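In the block that follows, a single chain appears as structure tokens, in the form deposited without its partner chain.
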């Protein structure tokens, strides 16, 4: 597996608005919806967003969302975590994936 290329936060923001925002808010204290609020998610344990009802798979995943883990997971969520109720096919293109992860890193 080759490394992701370098990301861009602005390209990543646009991709977040277009793809993650269908189910995810990004602001601190932003609301839960289809999916949990994602503020502060990078390098944090999975399944901890207050008020969100996770599947047992995500609730007990135990994974820590490092950029490297987000790389593999966001490429194909269901393959990485069978049982996830995150119904997203993934970000297949490495550059787009890198950009989204760079943006997530800015979510303080």
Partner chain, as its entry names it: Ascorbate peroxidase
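Numbering follows the first chain given and starts at 1.
Annotation for 23 to 31 versus 69 to 77: the higher mean temperature factor (C-alpha) is found in 23 to 31.
As recorded in the PDB entry, 4 to 12 is the stretch of 98 to 106 and 4 to 12 with the greater mean C-alpha temperature factor. Ranked by Cα temperature factor within the chain, residue 85 sits in the lowest third according to the deposited record. Sorting the modelled residues of the chain by their CA temperature factor places residue 58 in the middle third. Per-chain ranking of the deposited C-alpha B factor places residue 45 in the middle third.
Here the subject shifts to the form solved in complex with its partner chain, a form of this protein not shown in this document.
Within this chain, residue 64 is remote from the site of its partner chain in the entry with it bound, having no heavy atom within 4.5 Å.
Although the partner is absent from this view, residue 18 contacts its partner chain in the entry with it bound, with a non-hydrogen atom inside 4.5 angstroms. Although the partner is absent here, residue 34 sits close enough that one of its heavy atoms falls within 4.5 Å of its partner chain in the entry with it bound. At a distance threshold of 4.5 angstroms between non-hydrogen atoms, residue 87 is in contact with its partner chain in the entry with it bound. In the entry with it bound, its partner chain lies within 4.5 angstroms of at least one heavy atom of each of the following residues of 21 to 39: 22, 23, 34, in sequence order.
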